[PDB]
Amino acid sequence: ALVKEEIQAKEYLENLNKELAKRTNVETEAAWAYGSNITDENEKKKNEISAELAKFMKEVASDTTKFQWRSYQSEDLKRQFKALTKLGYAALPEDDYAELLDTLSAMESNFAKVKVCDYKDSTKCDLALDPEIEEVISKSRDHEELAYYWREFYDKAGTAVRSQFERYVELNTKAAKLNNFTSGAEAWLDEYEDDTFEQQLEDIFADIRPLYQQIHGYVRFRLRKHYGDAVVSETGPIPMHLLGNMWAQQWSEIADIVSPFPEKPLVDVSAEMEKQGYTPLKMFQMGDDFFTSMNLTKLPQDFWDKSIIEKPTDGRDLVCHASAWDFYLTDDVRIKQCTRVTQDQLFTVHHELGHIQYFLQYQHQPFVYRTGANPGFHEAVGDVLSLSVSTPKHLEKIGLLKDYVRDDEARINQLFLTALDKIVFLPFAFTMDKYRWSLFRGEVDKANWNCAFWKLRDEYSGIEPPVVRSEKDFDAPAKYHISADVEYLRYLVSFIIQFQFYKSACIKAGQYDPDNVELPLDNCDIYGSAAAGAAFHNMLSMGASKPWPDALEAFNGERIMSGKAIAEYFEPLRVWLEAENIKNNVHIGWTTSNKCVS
């Protein structure tokens, strides 16, 4: 009888979910120990426990065939069983899974251990990406110095790992096919539960792309005035080392030389943070305050007790790329961040605390539901708060921005600053997964892998390497997420939907009205808003219990991912920028790059 079996299945699921949570706790603890302290011993422990959990997952997936779950009445029960059938990498044979884990840790440890020699001191060779190299890329305006650090880092973080990356692609593909996906692309895309998801993103990207072109053109124009035409051409792709970021993913670090109105205020509170004696602890406490002010959950004692919020001062190797950790018990949540006292880092703190909040909000759910509605939702939470933190309105409240006059010109400066982070990022994010998808799908021959990467960066972002690269180089793994096997489409989704969340939260807070000149979207602060917090609670507490459109509906009554909100935010910038580019006869678009030899 199916009626009797469905009752037994419910009891089966409740026990199994609790078992999976407990087993994942053990794996997570070992993964935490390795990421905070990279050693051969900790790698071995992390990978051996993962192999053990994978073995158990195999048994679980096999056990689901004993239940007629597709025949059940409960949509909830069917959804849980469906989740249990999806093995991911755990579908691989024992030896293949062990090899993949060895390959993944080899790539992540390589990235984390990268050290370069000082440009001015060839005997000082202990400069790591975080913070040494990133500080130079963000602050130096010496184009040759920038080019040196670009080359040194990409050679060490990218090229050195080509063979491991090749084996990773092979095993990722094998795993996907064992789960009956065509490739790792489809495996990743399955997390969005929508068979038109790629086309939806193409459509949204196409709408925002013209604005990006205008920003690109104007920045290129302004860079030519700074560096001269020998360094930056009018018609070519922008040399990427000049954009204030190792991967040219976000350009806010060069705002001081590309700002629309240089005589008017440009928000950079890093100096005031230092002057007021800000610490990493204070920054996290302020983040905690923001969430609690919205009637959301305070950080538990375990967070403060166990988190790493500063780069360790011993000689040890660790992964410094910030991360949040759910240990699948009650209130055992942690962040690992190599925190610095800067404005950008203040946003990063809020980003990571967004993940933590999500963990706390759904910790009551069955294990399989203890994750985001889709990967983009998880990335978006903290960024919604960061948008309000970034406003002159909020920064004045916390005394970090002083003597600020919010006229038309200062507003354009602030909108442009935000766009250098939010619009510029969109083509970058798309290319990270367009690249990996093409490799996963077997669409690029191995002899063309490196120039396939730079071709996409050219086509979509209009940027290029500072020096000529070839198929002797392999540059993709120089980006953390590529070395660390972290899906990137989540960020494209996040940057779109975070404006849907922000707009709705702002309206709920009484902080945005499109017909009121005193309440513009770009100066909305949701701090202290219980109404905005209620929307977050309603959505986040769901976890992955329902398909993501239901989670969006719980927030604001909408069911569709839309670029309307992000375009609405930047509309006043679009009007000004289009006119400014025409006024200055600014060239738009770029010729095909010559910087990757086939």
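The numbering used is simple: start at 1 and walk along the sequence shown.
Comparing 515-523 with 369-377, the higher mean C-alpha B-factor in the PDB entry belongs to 515-523. Stretch comparison (540-548 versus 60-68) by mean CA B-factor in the PDB entry places 60-68 on top. Considering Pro300, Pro427, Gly228, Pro466 together, the PDB entry gives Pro300 the largest C-alpha B factor. The PDB entry assigns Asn448 a C-alpha temperature factor belonging to the middle third of its chain's modelled residues. Looking at the C-alpha B-factors along this chain, the one for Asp207 belongs to the middle third. Residue-level temperature factors show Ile496 in the lowest third of its chain, judged at the C-alpha atom. Placement of the Cα temperature factor of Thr591 within the chain: lowest third of the modelled residues, per the deposited record. Per the deposited record, the Cα B-factor of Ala535 falls in the middle third when ranked against the other modelled residues of its chain.
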